[PDB]
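Participant:
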Amino acid sequence: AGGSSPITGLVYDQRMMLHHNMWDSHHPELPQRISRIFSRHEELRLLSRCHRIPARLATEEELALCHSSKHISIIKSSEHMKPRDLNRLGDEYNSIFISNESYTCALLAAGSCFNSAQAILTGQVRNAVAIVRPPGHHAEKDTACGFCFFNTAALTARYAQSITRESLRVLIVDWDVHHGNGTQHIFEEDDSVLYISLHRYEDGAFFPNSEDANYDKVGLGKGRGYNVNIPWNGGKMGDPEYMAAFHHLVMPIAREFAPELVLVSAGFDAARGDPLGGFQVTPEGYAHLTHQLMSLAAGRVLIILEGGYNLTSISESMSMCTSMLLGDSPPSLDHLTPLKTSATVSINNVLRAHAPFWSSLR
Ligand SMILES: O=C(NO)c1ccc(C[N+]2=c3ccccc3=[SH]c3cccnc32)cc1
Ligand SMILES: [K+]
Ligand SMILES: [K+]
Ligand SMILES: [Zn+2]
């Protein structure tokens, strides 16, 4: 009564470390990714400031919100498979490794986010951070892809609608350096879930190597205008470019959409130091992206870990985000390189594509 200071949730469970690559212990999608981030939260005295949200398993019925019965069944069967067959099954997909613990970990990643979304939407917490693996955004309705088995962010959007209202407007912002092909396709015809992705594109030569990630992909049917791809070509982008895309595109569209819940597909592989992305976003940059998103949806933001492969970089970057969620003042941008010419070209292409659908851009 009379109001109270908002609460930030945090979910992290050591069981999700059990998923591993038994043939290549140096695969970039390391168990230590989540434990290193969690450990960094302890060092910075952030953990004791958060309300700890328990993990749980997703149910098979919940997985069916976005995935086919065949795909659920095949991944489910892998918990009991012998080593020879786990390799063959993983090799049936584009860049997937599987262990006997993989299925359970994917359930825990989804269920952790379901509990966090439920806590946000019932007012137990204002916002939350989800330190989960394996990632989700490359997972399609009928197939796994790119280290992802089930589409955690997409599943969380549908779960939120199931416990509130079907038309509940969910914004998913995907700032992982890779395009979230799976999230886009699930919602491509859906005007109740706005998907905005920023990603390295290089004319379709960057993973996942599909022209579906280009700016002219605006959605289908009633979903026209509700899929916003911001593709980067020719240059290692960093804080200046992401701040410009947010100023000119992400925030105007989002504010016009007026989301009631914000999910962040928060990969940190666009971070300085990341050997898969080649970009230059700093921890302070991620903090400012988080702070701008906190102005939406009455502050109902859920940050879901996706990719990010430099353990030091992801730990500092993700901890910067939680600090913002807790209400700390955003840090000053040390460096401020003039923006790249090619980032303006990309931004202007998206503007000319989405101006027919959004008055805030005209
Ligand atoms: O989910 C990601 N990030 O968040 C993600 C998903 C798939 C890939 C594919 N893959 C790999 C795959 C395994 C180990 C190292 C690499 S390097 C690379 C370069 C160019 C194309 N594919 C590549 C990469 C990243
Ligand atoms: K992305
Ligand atoms: K959409
Ligand atoms: Zn990625």
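Per my numbering, the very first residue in the sequence shown carries number 13; after that it's consecutive.
From the three backbone atoms N, C-alpha and C, an ideal C-beta is built for every residue, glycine too.
For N127, name the three-state secondary structure that DSSP assigns.
Facilitator: As a first step, residue 127 must be located in the sequence shown, where it is residue number 115. In this structure, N127 counts as helix in the three-state DSSP scheme.
Participant: Pull up the distance between the alpha-carbon of residue 7 and that of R96, whole angstroms please.
Facilitator: For the chain, the structure presents residues 13 to 374; residue 7 sits outside this window and is missing.
Participant: Classify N360: buried if its beta carbon has 16 or more other beta carbons within 10 angstroms, exposed otherwise.
Facilitator: On the sequence shown, position 348 is the one that residue 360 refers to. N360 is exposed by the Cβ-count criterion.
Participant: On a Cα-Cα basis, can you pick out the residue from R374, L273 and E253 that is closest to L210?
Facilitator: Working through the sequence shown from its first residue, we reach residue 210 at position 198. Nearest C-alpha to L210: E253.
Participant: Would you call the CB atoms of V276 and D346 closer than 9 Å?
Facilitator: Along the sequence shown, read from residue 1 onward, the residue named residue 276 stands at position 264. Along the sequence shown, read from residue 1 onward, the residue named residue 346 stands at position 334. Cβ distance not < 9 Å, so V276 and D346 don't count as in contact.
Participant: Taking 9 Å as the threshold (C-beta atoms), are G319 and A140 in contact?
Facilitator: By 1-based counting over the sequence shown, the position of residue 140 is 128. By 1-based counting over the sequence shown, the position of residue 319 is 307. For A140 and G319, no; Cβs fall outside 9 Å.
Participant: Assuming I326 contacts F280 under a Cβ cut-off of 8 Å, what Cβ separation, rounded to an integer in Å, is found between them?
Facilitator: Translated into positions along the sequence shown, residue 326 becomes position 314. Translated into positions along the sequence shown, residue 280 becomes position 268. About 4 Å separates the two Cβ atoms, so the contact holds.
Participant: Using the beta-carbon count (16 or more within 10 Å), is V293 buried or exposed?
Facilitator: Mapped onto the sequence shown, residue 293 falls at position 281. Result: buried.
Participant: Take every Cβ of the segment 328-341, pair it with every Cβ of the segment 220-234, and state whether three or more of those distances are shorter than 8 Å.
Facilitator: With a cut-off of 8 Å, the segment 220-234 and the segment 328-341 do not count as touching, because too few Cβ pairs lie within range.
Participant: Once you ignore the five residues that flank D36 on each side, which residues in its own chain have a CB closer than 8 Å to its CB?
Facilitator: Counting from one through the sequence shown, the residue named residue 36 turns up at place 24. These residues qualify, in order along the chain: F109.
Participant: Please return the same chain residues whose Cβ sits closer than 7 Å to the Cβ of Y171, not counting the five positions on each side in sequence.
Facilitator: The count along the sequence shown starts at 1 and reaches residue 171 at position 159. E74, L77, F126 and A129.
Participant: Please indicate yes or no: does the CB of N193 lie closer than 8 Å to some heavy atom of ligand 3?
Facilitator: The residue you call residue 193 lines up with position 181 of the sequence shown. No; taking the cut-off as 8 Å, the Cβ of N193 has no heavy atom of ligand 3 nearer than that.
Participant: Taking the straight line between their C-alpha atoms, what separation do you get for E104 and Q173?
Facilitator: Locating residue 104 in the sequence shown gives position 92, counting from the first residue. Locating residue 173 in the sequence shown gives position 161, counting from the first residue. Approximately 33 Å between the Cα atoms of the pair.
Participant: Run through the DSSP bridge pairs and tell me what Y207 is partnered with.
Facilitator: Along the sequence shown, read from residue 1 onward, the residue named residue 207 stands at position 195. Answer is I184 and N239.
Participant: Along the chain, where does the alpha helix (DSSP H) that runs through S174 open and close?
Facilitator: Start at 1 with the first residue of the sequence shown, and residue 174 comes out as number 162. Where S174 is concerned, the enclosing alpha helix (DSSP H) stretches over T164 to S174.
Participant: Taking only three categories from DSSP, how would you classify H32?
Facilitator: In the sequence shown, the residue the question calls residue 32 occupies position 20. In the structure shown, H32 sits in coil (DSSP, three-state: anything other than H, G, I, E or B).
Participant: Please go through the same chain and pick out, in chain order, the residues whose beta-carbon is closer than 7 Å to the beta-carbon of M29, but skip the five residues on each side of it.
Facilitator: Counted from its first residue, the sequence shown places residue 29 at position 17. Excluding residues within five positions, the ones whose Cβ falls inside 7 Å are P43, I46 and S47.
Participant: Measure from the alpha carbon of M34 to the alpha carbon of each residue in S111, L56 and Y24, then state which is nearest.
Facilitator: The sequence position of residue 34 within the sequence shown is 22, counting from 1. The shortest C-alpha separation from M34 is found at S111.
Participant: Comparing C-alpha positions only, which one of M255, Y213 and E201 sits nearest to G235?
Facilitator: Here residue 235 corresponds to residue number 223 of the sequence shown, with the count starting at 1. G235 has its Cα closest to that of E201, out of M255, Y213 and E201.
Participant: Could you pull the start and end residues of the alpha helix (DSSP H) that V362 belongs to?
Facilitator: Stepping through the sequence shown from its first residue, residue 362 is reached at position 350. Looking at the DSSP string, the run of the alpha helix (DSSP H) that includes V362 is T353 to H366.
Participant: With DSSP as the reference, please indicate the residues paired to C157 in a beta bridge.
Facilitator: Within the sequence shown, numbered from 1, the residue matching residue 157 stands at position 145. Answer is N106 and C160, bridged to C157.
Participant: Buried or exposed for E272, going by 16 or more other Cβ atoms inside 10 Å?
Facilitator: Here residue 272 refers to the residue found at position 260 when the sequence shown is read from its first residue. Buried.
Participant: Is it the case that the CB of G279 approaches a heavy atom of ligand 4 more closely than 8 Å?
Facilitator: Reading the sequence shown from its first residue, position 267 is the one you call residue 279. Yes, the beta carbon of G279 sits closer than 8 Å to at least one heavy atom of ligand 4.
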